[PDB]
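S.K.: Sharing a structure below in structure tokens format, with a few things to ask.
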2 protein chains.
Amino acid sequence: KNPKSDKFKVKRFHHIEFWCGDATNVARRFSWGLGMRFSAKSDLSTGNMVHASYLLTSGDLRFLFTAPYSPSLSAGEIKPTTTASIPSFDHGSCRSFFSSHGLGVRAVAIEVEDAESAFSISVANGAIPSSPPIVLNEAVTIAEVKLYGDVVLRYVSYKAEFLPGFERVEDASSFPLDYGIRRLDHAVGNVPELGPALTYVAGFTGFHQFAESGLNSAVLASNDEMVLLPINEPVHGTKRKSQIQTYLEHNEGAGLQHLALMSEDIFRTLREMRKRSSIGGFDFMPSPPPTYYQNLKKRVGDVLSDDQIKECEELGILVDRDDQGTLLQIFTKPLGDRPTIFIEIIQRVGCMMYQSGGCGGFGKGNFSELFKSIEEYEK
Amino acid sequence: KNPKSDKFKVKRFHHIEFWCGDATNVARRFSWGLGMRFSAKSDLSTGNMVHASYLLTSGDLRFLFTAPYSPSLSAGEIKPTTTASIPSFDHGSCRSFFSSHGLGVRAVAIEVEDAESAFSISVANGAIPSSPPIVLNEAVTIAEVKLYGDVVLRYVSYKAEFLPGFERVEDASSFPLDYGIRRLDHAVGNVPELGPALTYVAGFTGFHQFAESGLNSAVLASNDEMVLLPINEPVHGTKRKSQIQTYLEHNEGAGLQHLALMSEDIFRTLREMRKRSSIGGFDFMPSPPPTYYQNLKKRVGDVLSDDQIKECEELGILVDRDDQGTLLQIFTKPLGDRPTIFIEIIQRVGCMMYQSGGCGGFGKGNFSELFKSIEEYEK
Ligand SMILES: Cc1nn(C)c(O)c1C(=O)c1ccc2c(c1C)n(C(C)C)c(=O)n2C
Ligand SMILES: Cc1nn(C)c(O)c1C(=O)c1ccc2c(c1C)n(C(C)C)c(=O)n2C
Ligand SMILES: [Co+2]
Ligand SMILES: [Co+2]
């Protein structure tokens, strides 16, 4: 059941912004590890005396990495005279965020028809304002409201080329890496209490709820279910400590837990990423035992051939099924020093009309199947 | 003239420590860009609840990357019960350093015969103490005094395997990269006033002075001239703004300007580094004009063949000569967001007895020769 209750017109995920201590080193690491190209910059060389911002792209996926300069470089500026390309940026907020949480996502940005209307409707419906709507070069409008913890939901709308004040990256520094990642599928938050978090976000967006292990969760979705925002809470008192609780402890509270990146060829993406794990890229969680891939024949034997199942086993890929589609997924180890944010690589098969959002679910069935596999491999 | 006036026995450079916001991403970027292997760690997985520290090695070169965890993880600890592997570490100092200077060198570490005696003699001779001598597992002693700005000179001595509490890195995560870098040749500081900086450092070490462009500089050296610590000050009032002054502005004061890394085969190192510049590694300063390499025939035609001169031209390598040896060198663009710290790759030819320290100088003649080359190429 999809009541299509969005309180304003939402299009697609637009970008994810990481707040960093040094944007250069994080962006270069991510570029090589994920196969994303350097496509735009806003920094000292573009006249920005406030923050260094670097944009990586793969397909429609946009990752922005931002760090503050010394405040002394811009001490004479005021907001009317700022050289910052992102007017919501604040030195103190960024330093406070990074000292509190470490490397992590500050903004989940969605493209909307009208960022000023989106902001006004959200705040009229309970959203806590973070940055009021600001029109950039009479071309783009940006506004921000609080999502959870110190993460903001950023609205971007275009009258008619990332943002004004960003420059295209020169082709010499713009090596055309591509491991097959094409877009953001979903962005997941961890909170101490799921109920109040869901009520708050669904309250100001009109997003609807989309259709033992240490977590309870729920998924909020836009009208066409292309913007997907799951939220998790921990389950206490279990034998094994909840990984959601571990997140909250090491992150100093609520924040973004994982980004799921859709691949157009998850086999190629994982081959390319795994080749680079020990040479500057990303590590992956330990692979399931062979009993898992043996049991996959009975579960997904009508969707994947035996060869493709064998290809899943080489790469450590997980498979899950809903009533409408099938999910291939795998998880990285945490992206930085703290056991907090990580990345999921996903590919979905089924639900063709284009492919509808959330085809195959989010893999919650893999908890029990991994468990059964571990017990079976112990035998 | 070498008066051999060291006030305590100094051996060699031991390691360089960077203070980071996220040590994982910086260390992974540096590993791929410079061809250094992950060799040791001290972090949550080794019981360290205080800081994450990762050691990269290439030959005798040791780069350490350290970042703080949330103070909440260690809030119940006191110094007698600390889980930190580097007892001088302090959360507040590290956050203050990074917010002030950005990514940069906190410690220049030299191995000495007795770190406690080195500390006591230094402080008795004017050194400002930073961290008193601490014996680690009855095996290693570490102590720190201020060098310039917020950079410390760290003394390490071994009774008889980086530091106690560091664990060797498992071979799966330890990919054997190697682009030919073998050791630290020199470490250079930028200060506002050279005189007082030299007097201070030479005062407490007994290091001696080793044998138009925007800088004045001088080099301090240990007895065998294997530890080399140049210091620069800006020259004001020139047409072009001093790059030393630019450093001081963007760094918020004095600090380490560049690390010069000796290669056993600078041609291989530069081929390997340049292949990776646009895929996560390091960029290099713009190459000199072809008139430079034409003029090199008359300057170094007796040391390098025409083919090897042509190889220098492909890779953008600079060449300088002293009275005793020849210097091949090249400089990276800044390592992070700010126009502050960069790296020099160096190889020295001549002065064989082993090779004596500082063979060929430090390349100051390349200022005039680059200038002449630029005017000649304008023609
Ligand atoms: C669950 C869940 N709910 N929603 C809305 C999602 O997007 C998810 C997941 O992406 C997911 C699915 C299966 C997992 C898993 C995750 C994070 N992890 C990590 C290590 C915790 C596992 O070990 N397994 C087996
Ligand atoms: C000088 C100097 N003194 N000492 C003690 C050193 O180690 C040096 C250098 O390493 C050096 C030599 C030549 C240079 C240079 C540097 C840093 N730069 C940078 C961009 C400023 C140039 O453009 N040229 C031509
Ligand atoms: Co997921
Ligand atoms: Co040098």
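Please note that chains go A, B, ... in the order of the structure tokens, that every chain numbers its residues from 1, and that ligands are numbered from 1 in the order shown.
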Find the residues of chain B in contact range of chain A, meaning any atom within 8 Å when counting only C-alpha atoms, and list them as number ranges by chain.
M.R.: B: 20-26, 28-29, 31-32, 52, 69-70, 73, 95, 98-103, 172-175, 177, 250-252, 277-281, 335-338
S.K.: DSSP on the backbone, then: every residue of segment 40-264 of chain B marked strand (DSSP E or B), written as a ChimeraX atom specification.
M.R.: /B:40-42,51-58,61-68,104-112,129-136,140-148,151-158,167-168,181-190,208-209,215-221,228-234,255-263
S.K.: Which residues are close to residue 108 of chain B, i.e. within 10 Å by only C-alpha atoms, leaving aside same-chain residues fewer than 4 positions away? Reply as a ChimeraX atom specification.
M.R.: /B:13-18,144,147,151-155,187,229,256
S.K.: Give me, as number ranges by chain, the set of residues whose atoms come within 7 Å of any atom of ligand 2, counting only C-alpha atoms and all ligand atoms.
M.R.: B: 188, 217-219, 230-231, 243, 331, 344, 362-364, 366-367, 370
S.K.: Residues within 6 Å of residue 185 of chain A, please, as a ChimeraX atom specification. Count only C-alpha atoms; anything in the same chain fewer than 5 positions from it doesn't count.
M.R.: /A:260-262
S.K.: For ligand 4, which residue among B:77, B:178, B:320, B:313 is the nearest when counting only C-alpha atoms and all ligand atoms?
M.R.: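 Among the listed residues, the smallest separation from ligand 4 belongs to B:320.
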S.K.: Rounded to one decimal, what separation in Å do you get between atom 16 (C, counted along the ligand's line) of ligand 1 and atom CA of residue 228 of chain A?
M.R.: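 Atom CA of residue 228 of chain A lies at a distance of 14.7 Å from atom 16 (C, counted along the ligand's line) of ligand 1.
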S.K.: Could you tell me how far atom CA of residue 227 of chain A sits from atom CA of residue 255 of chain A, in Å to one decimal place?
M.R.: 17.9 Å
S.K.: Of the candidates A:303, A:341, A:315, A:110, which shows the shortest atom-to-atom distance to ligand 3, using only C-alpha atoms and all ligand atoms?
M.R.: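 Closest candidate: A:341.
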S.K.: Which polymer residues have any atom within 8 Å of an atom of segment 265-269 of chain B, counting only C-alpha atoms, with same-chain residues fewer than 5 positions away left out, as a list in words?
M.R.: residues 179, 180, 181, 311, 312, 315, 328, 345, 346 and 347 of chain B
